[PDB]
Structure formats: C-alpha cells, structure tokens
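Residue numbers (the deposited numbering): 745 to 1763.
For reference, the structure is listed below as structure tokens.
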Ligand SMILES: [Ca+2]
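Here it is in structure tokens:
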C-alpha cells in the first residue's frame, strides 16, 4: 500500500509508479497507494478564480459603501468591496476607507474592457509593455484574464505608495477619453446665445421625482407672457432659474426686498439701502417678475407722484425692439431703453464705413426731436451710446485675442493688461479698430436730447481696463464739460436740422431753447436768455463746405442778438474745451436769433477767432466735426434742471416724460474689465465713497452700481473670469463672506451712504436669470436643446439621465432665503393674492428656498459629463441602490453568476469544460481549483487526462506537463516509467538538463528528462 524510499527511509508522498499495465499514485498526506486509472474527478469542484467573486462584491448597499448620486451610479464611482487583494496576493477583509473603482471590476461592454486594458497598459503601466493591443476580436475570457491581473497590479501600487489619489487621477482620465463619457456625446454647439456650448433642458420623469416640476414655462419674455407671439431665448448662461415656479417667484420678491433694504438687513443702516433696480436679461426670463416688481414698488414706495417716482428710477435691459410697446402698456414700472437712438447714433457717428444719414438721430427714436415742444407725450426712456456688455465687451476681448491669442479660458492678468494696452492705444488713434468713432460727438447729442434720461458709461470717462478710476480716457475732459453744461444750460424744447452738403444727409444742427421756451417763436421767461445750447455735428471727415454754404444754429426768438461763447471746438489734433465764460471765442445772433457758421472762420472786431469754421476733421477725438455753443453771462450757480411735481398723477404710468424727468442722468459705474485691487485703497466702493460729491458735480442723480454678488470664479464664462458680479453662487452674498472685486459689505454700505449724503439714488443690479457653479450633484432627466428650448437636431441626450450641479446656494442663501416673505405678506397682502399672467395662479410663499435643486431650474448649460455618464445595464436599465427606482446592481457587485456556465461543466460527449466568472469557455489556460489542483483545457476547451508528456504554450509558459486520468496536472514529485524516472517541478513543468535539490533529495536530470543520479545530502 505504501512506497518507501530506499535512501531516506520515509514513505513516498506524491509519487507515481508504473507497474506493467497498472499505474499507482501515492497520497500526498500519508502515501496510501491507489489505482491511478480509477482516479476520480472531483464532484463539486470550484475554481480558485471564484475567490474574486467573493471579494470584489460590494460590502453593502449604503452611501458609505457605494458612492452614488441621487441613487444612481456614475462612471467615476468608487465602491467598498468585501475583500481586498492586499499587495495583489492575499485577500483581506476591507476597512471603511478601502475604496476601489467600479471600472476595475465592471464594464458596460467587452469593447470598453479592451479599451480599458489598452489605456491601463500605456498610461498606467499596469500591464507588460510588450503585450499587444486588444482589438474588438479579442476573446472575452482573455480580456477577463488580463483585467484581473490589472487589479493585482493596482493593489500592488497602493501597498507601495499608500495612496489612492493617483487612482482617482488615472480613472478620471480614462473616463474622459471615451466618447461615451465626455463632450463628444454632448452635441457641443455655440449657436447664438449658447455661450457655454449649448443647453440641457430638465424634464419630468418617473426615474427622477426630484427633477419633477408642474411649471417650467419657457420663453416667457415681455412680448410672450401669454405665449401669444414667438417665444424668446429662455436659456442664457449656467443654471437657468425657473421663473414660472411661484415658489421661485416669491423668492425673487424676497430677494428684491433684500437688495432694496440691504443696509437695514445687514447692519441696521438707513442710508445704506438701494433705491432702484436694474432688471438683468428681461427678455430671457419669465416676465412675471416685472409685474411682481411693479406690485411691490407700487405698494412699498407708492409711485404715483412725479417727486416720489423720480426718487426710485428703475431701468430694463430690454434689447427687444417690440419691448417699449409692452412696457408702455403695463404702465412703465421700469424704464425701457431706447435702442433706436443707440442705432441712430452708433450707425450714424460710430461706424467705420457707410455711415447712416443723420436724419436717423432726428426721426428714429421714441421721441422725434425736430420740433419737440410737447411734454408728457412719449414713452419714458433711458438711452446710452455704450454699455458694459455692449460696444465694449466683445471688442476688448478681441484686443486680448489679437495681442496674445487667448480666450477668457486662461489668460492671466498679464495678458488681460496687454489687451487693454492695445485697446487704449486704439482708443487714442485717428483710425480705430476696437473703439467707436466720434464718442464726444455722440455724447454731445445724447446729453442735449429731450424726452430721455441719458446714461454715461464708465468706459467713456475712465479706462475700460486699469484699477477703478486709475486712469481717465481721452474723452474725459469733453464729457465732463458736457455733463456740467447740461446742468447749467440744457432745458426747454428742442430743434434739429440736417444738411446735404458734404455727403448724403450728414451735418446736423441740435438746438435747445432753455427753461421757459418750447417752440422757436417762444420769447421765453426771465431765465431763458442765458439758458439753452447749440450743437453742430457732422459725420464726414471729407466735409468741405462751399464758399456760399452756411451752417445755421436757430436759437429761436428767445435769443435775439445774444452773445454765445464756445464750449467744445474741434481742432486739427483733437478738441478744445471751455468750462467757464472767460477765454472762449464769441459769436453773435441776429434779429431772428440765428448763430451763423460757415466754411470761413468767425470774426470779432478784426480777429481770427481760434478754430470756429465748420469743416471735416480726422483725429483721435473727432472723425467729422463737433461744436458746442453756449450763451454768455450765466451764473456760477445756474441750474437749468426743473423740480419734480408732488401732484398725484391721473394717468396709469409710473413715470411721466416731462422736463423734470429730463433732469436726471444715470451713471453706469463699472466696466467688465476693471482690475481686482491689491491695496485696500484701490477698492471701487472705497473710491466711490471718496468721490461721492464729484458724481453730483457732473449732474448724476441715479447711480447704477455693479452687481455686488460674489463671483463663482469657474472660468466657464467671461462674467466669472474678470468677476463682474453676474456670475454668482450665493445670491445674498454682497462681499460678506469674502471681499468681491469692488470691496466688502462695509465698503458697499459706506459707498451707498456717501452717495445718499451727496444727494443721489443707487441702483441694485437685479439678476434673476441664473446661478453659476453649484457644489452639490444631482441626477435629473435632460434633453439637449437650443437657446429657445427646442429639441436639438439629432440629440443623443434625449430623455437621458444626467448628473447636474443644482444642489447648493451658499450660507447667506440659507440665512435670508424666504426670510422676508412672512413680513411682506403681513405688510402688503394684495401682492400675494394677485393671479400672475402666464402662471395662472398667484405667487407661493409657503415654501422657503434656502437651498437650490433641479426642481427650481428650467435647465443647465452643457457640462461635458457624457450622455452615458449615469450607469445603465447592457440592455438599458439604470443601476440604482433602491432610493429612486427599483434596486438593480451589476452581476459583479452582487456576486452570483447563473447560466449554462461558471466553474467546471461536463457537456455530454465533449468531456469537461471551464467557464470563467463571466461565463466564457476558456481555452489554452491552466485553472486552479479551491484546494490547489491545476487542470488544463486545450484548443477546444476540453480537459486533458492523457498520462503522456504533452507540451503547452498557454500564457507565455513554454513547458512539458503530465496529466493524470482525473484531470490534475502532476507537480512536485517523481514519475517512474519503463523509460526511467522523470521529475516535474512545483508548476507541473518537466525538469531537464539540470541537477535540482528537491526536499532532502538531490536529483540529476538529462536532456531527455530521465534521472541520472539521486543522492541525499545534509548540512
Ligand atoms: Ca431664464
């Protein structure tokens, strides 16, 4: 029963002996000999490979174990396995911190698993560099083989470095490479208003009850409230706030109260409150918010008196041409802009080529100013030449783009400064490429215009770049003079005329009569004789008046035989200004009251009179001609402005367009490209407080401030790169958590208070459209759309699940969110009862928005996460922990394969086959079982049981093996045949041409495998 070794004396353990026709194998434990021909194949034998199924399965189904968003799984998912291959060798029970990538064990298809291996080989070095790339034809079992080795190598590197930080860098880099999980499947398009690459629209679904909303009305601009006309562009930037939702509508009213009472809310201050608001993107939001803002302003401020209304002058950013109508119909709660004068001035004077006829300035506007002598007749409006977002934002950016070649997507301060340098040099040039022509000429018309409030842009007084008021522009001296002249002289009716002498409808005459006179035939009151103004402007630099042609300033019957001094004159190099009466060239009117100018110079008692002749000029200041004439003998303290009436208005409008309305001037007190201060003294709001009286000196009554909200600094759009204040995370944060680009909340309060003491209004930039960069993640059902909201051409993210950044808001959003709705409902109950048009129902204060979510948003900008970023199964079923939808996880995390496969299977005639964890028939591979037996499967996957010396190639293992009739490869022992005794090492490989030391014995072997000499040796 036992073979006992002659040399050692011990019974032979693990020994095979041939005796004629019989083969006897001796036991490895004791040495009991049984017939090797009758060796049984194990009945319920399982592979050591199935130890992975036990370990790689998830620890549990909790937030702690498996990382999840809203319930679902993502491509960048770490999970907690049951066991860890510590150093890629030993299975160990996982701790709470042991987190592994889901893509290490799971793949959506075999193709991406092949792409996984190729990426982890090249960029990861977790596979041999000599190993070839895996194609689409690669064997699924072979792909499973190498991917399992990658796990071993991953765990090896973790045991060496002690980090998992390199993994999150490597796995995220892999995710972004596939067209499944990046911007490739996003349909990235920059059509029109799609600044950030396009938009995704949130939709109601069973899969995401969080994303559900009964409202979400799109394109509800002022013209399209009732949805009667065409719907506008609802989506603009970042996370588009749903303003159809009455819960949000109440929150917007709550936020409006916060801005209008800021000083009281934060520091119990009285004079540190905003008096008016600027509606940011009115044509992009649900225009219900206009009526809500109207309802509050009529109830809290009670705007039915000219004296009360003109102390709170609200304005709109309505670029729509049909908007002045609607806002006039609803009673002008906020002032509509006059885009028509802007077009008439820009295309008439500012254009580089093919200027408009200057008839446009006269006729094309909300007020025809040819013979305007009537009051309270036109739509109350504000007008401007340039703004922060208009006629600058794109040009300045182009200057940076030309000098350095960079977008707002990374340029640094240095490259921003280089662009500004080129922009200001261009500004101070005769031929301009980025700057508008005839700025002083444009402003000379604007500030002398009747039936409109003018708005002076910051970038026209101070440089668009630099620190706040660090540098003054070229046009500073002229505009400041014109603004001071407006206070003294500009009043009464207006008269305008055009000549066709040089070009076609060039050369314009602009005349104001002064307080007391409306028409030309009006003789005027007492004050009229020194009031009024005369402006001559031409747009052609080629202008050469005829020897007989004369330009006439018809000052009217009020100014018969008066003396007029020069205020602004055009020279060959630039312009000359005169602030006082002394030093200025003088001109006289006739019996009719006409100031004659011609091709020849003016003459007083035999004098040349400086530069007084009307002719075409070409210099950095004027590309045409400019002249401003002013009556002499004016008081030092003269004020042409008329006081607002305290009478109750019988009409149904918030603002009347009288002369007292014309007394106001708005200052847009910022450019988008102001530099972020380094010193405390370089802060914008500190300097506004210091120069508070100076802003009154120019005649500014309404002071439009920059949006004081803290920037997101995400560099997704321009508003977050230079930090305007239009790109914010926290709506209620006004330099409170950290100082913004303009200063702290204390600096802001000081600025507002100083302006109130100087006798000015202060405007809050109300931005109810979007919220930038939110910290929390959420899964919502989306649809790829355009700016208006229409489904994209061939949208591949149509009704797909997507991870969006909607959760968040900030500290002060959580503090003041809906915190004033309780007081507002008690104070003014009429606001909360009024049924909103478009919504159908009134605003809803019952829910306070302290934290934002997908419910309160209409949509989002494209996020480049991928259309298949939310993990779904092979046949299209989204993986979930059971929170939102039915619990479903992959076969890897549960850890139980079931089909006609896995482990060892006997298939009728085909002997024994092996199927791996996935269920693929394995060929040319050695498979070790749970106990420690290696079985080989040939080129057909059939188990070998020959008992003959068979050569195997396998996975780079060139060697000769021996297979018993049970299926096990013989290893670590001797086989005695009729040809001699043969030895096989611990791996089943036959030892040849070597003297080896096995146990207590030493075996010498030749090039045939036969034993030469077996000897015992100790010590
Ligand atoms: Ca919107």
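Backbone N, C-alpha and C define an ideal beta-carbon position, used for all residues, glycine too.
Compute the Euclidean distance between the alpha carbons of residue 1646 and residue 1666, then round it to the nearest angstrom. Here residue 1646 is taken as the residue at index 902 of the chain shown, counted from 1. Here residue 1666 is taken as the residue at index 922 of the chain shown, counted from 1. Spanning the alpha carbons of residue 1646 and residue 1666 requires a straight line of approximately 10 angstroms.
Could you check whether residue 1024 and residue 1623 sit closer than 8 angstroms to each other, using their CB atoms as the reference points? Along the chain shown, read from residue 1 onward, the residue named residue 1623 stands at position 879. Along the chain shown, read from residue 1 onward, the residue named residue 1024 stands at position 280. Cβ atoms of residue 1623 and residue 1024: not closer than 8 angstroms.
Could you tell me if residue 1157 is buried or exposed, where buried requires 16 or more neighbouring beta carbons within 10 angstroms of its beta carbon? On the chain shown, position 413 is the one that residue 1157 refers to. Flag for residue 1157 reads exposed.
Rounded to a whole number of angstroms, what is the C-alpha to C-alpha distance between residue 1205 and residue 1542? Stepping through the chain shown from its first residue, residue 1205 is reached at position 461. Stepping through the chain shown from its first residue, residue 1542 is reached at position 798. Those two C-alpha atoms are separated by around 50 angstroms.
If you follow the alpha helix (DSSP H) that residue 1223 is in, where does it begin and where does it stop? Against the chain shown, residue 1223 aligns to sequence position 479. Segment 1220–1232, the alpha helix (DSSP H) holding residue 1223.
Can you check which of these residues, 1318, 1291, 1394, is closest to residue 1345 by C-alpha distance? If you number the chain shown from 1, residue 1345 lands on position 601. The option with the nearest alpha carbon to residue 1345 is 1291.
Roughly how many angstroms lie between the CA atoms of residue 719 and residue 1342, to the nearest whole one? Only positions 745 to 1763 of the chain appear in this structure, which leaves residue 719 out of reach.
Are the Cβ atoms of residue 1602 and residue 975 separated by less than 8 angstroms? Against the chain shown, residue 1602 aligns to sequence position 858. Against the chain shown, residue 975 aligns to sequence position 231. No.
Option in 788, 1479, 1403, 1127 with minimal Cα separation from residue 1236: Here the question's residue 1236 lines up with position 492 in the chain shown. Comparing Cα-Cα distances from residue 1236 to each of 788, 1479, 1403, 1127, the minimum goes to 1403.
Compute the Euclidean distance between the alpha carbons of residue 781 and residue 1706, then round it to the nearest angstrom. Start at 1 with the first residue of the chain shown, and residue 781 comes out as number 37. Start at 1 with the first residue of the chain shown, and residue 1706 comes out as number 962. Those two C-alpha atoms are separated by around 14 angstroms.
Using 8 angstroms as the threshold, is the C-beta distance between residue 1106 and residue 1099 below it? Taking the chain shown and counting its residues from 1, one reaches residue 1106 at position 362. Taking the chain shown and counting its residues from 1, one reaches residue 1099 at position 355. No.
For ligand 1, any of its heavy atoms closer than 7 angstroms to the Cβ of residue 984? The residue given as residue 984 occupies position 240 in the chain shown. True, at least one ligand heavy atom lies under 7 angstroms from that Cβ.
Report yes or no: do the stretch 1477–1489 and the stretch 1532–1550 share at least 3 C-beta pairs separated by less than 8 angstroms? no
Could you spell out where the alpha helix (DSSP H) holding residue 914 opens and where it closes? Locating residue 914 in the chain shown gives position 170, counting from the first residue. 909–921 is the span of the alpha helix (DSSP H), which, as asked, contains residue 914.
Cβ-heavy atom distance, residue 1029 to ligand 1, below 7 angstroms: Within the chain shown, numbered from 1, the residue matching residue 1029 stands at position 285. It does: the Cβ of residue 1029 is within 7 angstroms (strictly closer) of some heavy atom of ligand 1.
Straight-line CA distance for residue 1045 to residue 1011? For the purposes of this step, residue 1045 is taken as residue 301 along the chain shown, with counting starting at 1. For the purposes of this step, residue 1011 is taken as residue 267 along the chain shown, with counting starting at 1. Those two C-alpha atoms are separated by around 22 angstroms.
Supposed contact pair residue 990 and residue 1038 - C-beta distance, whole angstroms, cut 8 angstroms: For the purposes of this step, residue 1038 is taken as residue 294 along the chain shown, with counting starting at 1. For the purposes of this step, residue 990 is taken as residue 246 along the chain shown, with counting starting at 1. Not quite, the Cβ-Cβ distance comes to about 17 angstroms (not below 8 angstroms), so this is no contact.
Does DSSP classify residue 1758 as helix, strand or coil? The residue you call residue 1758 lines up with position 1014 of the chain shown. It is a strand residue.
Which class does residue 778 belong to by DSSP, given the choice of helix, strand or coil? Here residue 778 refers to the residue found at position 34 of the chain shown. Residue state, collapsed to three classes: strand.
Does any heavy atom of ligand 1 sit closer than 7 angstroms to the C-beta of residue 1605? Walking along the chain shown from the start, residue 1605 turns up at place 861. Checking every heavy atom of ligand 1 against the Cβ of residue 1605, none is found closer than 7 angstroms.
By DSSP's criteria, residue 1198 is part of a beta bridge. Which residues make up the other side? Walking along the chain shown from the start, residue 1198 turns up at place 454. The partner list for residue 1198 (beta bridge, DSSP) reads 1127.
Can you tell me whether residue 958 sits near ligand 1, meaning its C-beta is under 7 angstroms from at least one heavy atom of the ligand? Within the chain shown, numbered from 1, the residue matching residue 958 stands at position 214. Residue 958: no, Cβ never under 7 angstroms from ligand 1.
In three-state terms, what does DSSP make of residue 1041? The count along the chain shown starts at 1 and reaches residue 1041 at position 297. If DSSP states are grouped into helix, strand and coil, residue 1041 belongs with the helices.
Which one of 899, 1198, 1313, 1499 has the shortest CA to CA distance from residue 1409? Here residue 1409 corresponds to residue number 665 of the chain shown, with the count starting at 1. Out of 899, 1198, 1313, 1499, 1198 has the C-alpha closest to the C-alpha of residue 1409.
Please determine if the stretch 1258–1265 and the stretch 1321–1331 are in contact, where contact requires at least 3 C-beta pairs separated by less than 8 angstroms. no
So residue 1069 is in the alpha helix (DSSP H); what residue range does that whole segment cover? Translated into positions along the chain shown, residue 1069 becomes position 325. It spans 1067–1073 - the alpha helix (DSSP H) in which residue 1069 sits, taken as one unbroken run.
So, are the CB atoms of residue 1020 and residue 1058 less than 8 angstroms apart? By 1-based counting over the chain shown, the position of residue 1020 is 276. By 1-based counting over the chain shown, the position of residue 1058 is 314. Cβ atoms of residue 1020 and residue 1058: closer than 8 angstroms.
Other residues of its chain near residue 1634: CB distance less than 6 angstroms, five sequence neighbours each side excluded: Along the chain shown, one-based indexing puts residue 1634 at 890. Counting only Cβ-Cβ distances below 6 angstroms, and skipping sequence neighbours, we find 850.
I'd like to confirm something about residue 1513: is its beta-carbon nearer than 7 angstroms to some heavy atom of ligand 1, or not? Residue mapping note: residue 1513 aligns to position 769 of the chain shown, counting from 1. True, at least one ligand heavy atom lies under 7 angstroms from that Cβ.
May I ask you to check if the CB of residue 794 is nearer than 7 angstroms to at least one heavy atom of ligand 1? The sequence position of residue 794 within the chain shown is 50, counting from 1. For residue 794, the shortest separation between its Cβ and any heavy atom of ligand 1 does not lie below 7 angstroms.
Going by the CB atoms, is the gap between residue 1708 and residue 863 shorter than 8 angstroms? Mapped onto the chain shown, residue 863 falls at position 119. Mapped onto the chain shown, residue 1708 falls at position 964. Result no, Cβ atoms of residue 863 and residue 1708 do not sit closer than 8 angstroms.
Could you check whether the Cβ of residue 1120 sits closer than 7 angstroms to any heavy atom belonging to ligand 1? The count along the chain shown starts at 1 and reaches residue 1120 at position 376. No, Cβ of residue 1120 sits at least 7 angstroms from all heavy atoms of ligand 1.
Give me, in chain order, the residues of the same chain whose beta-carbon lies closer than 6 angstroms to that of residue 865; leave out the 5 immediate sequence neighbours on both sides. In the chain shown, counting from the first residue as 1, residue 865 sits at position 121. Scanning its chain for C-beta atoms nearer than 6 angstroms, with the 5 sequence neighbours on each side dropped, one finds around residue 865 the residues 871, in chain order.
Going by C-alpha to C-alpha distance, which of 1593, 1533, 1527, 1531 sits closest to residue 1556? Here residue 1556 is taken as the residue at index 812 of the chain shown, counted from 1. Of 1593, 1533, 1527, 1531, the residue nearest in Cα terms is 1593.
Of the residues 868, 1688, 1716, 1581, the one placed nearest residue 972, counting alpha carbons only: As a first step, residue 972 is located in the chain shown; it is residue number 228 there, counting from the start. Per the Cα distances, 1581.
With contact counted as at least three CB pairs below 8 angstroms, one residue from each stretch, are the stretch 1077–1088 and the stretch 1143–1158 in contact? At 8 angstroms Cβ cutoff, the stretches do not touch.
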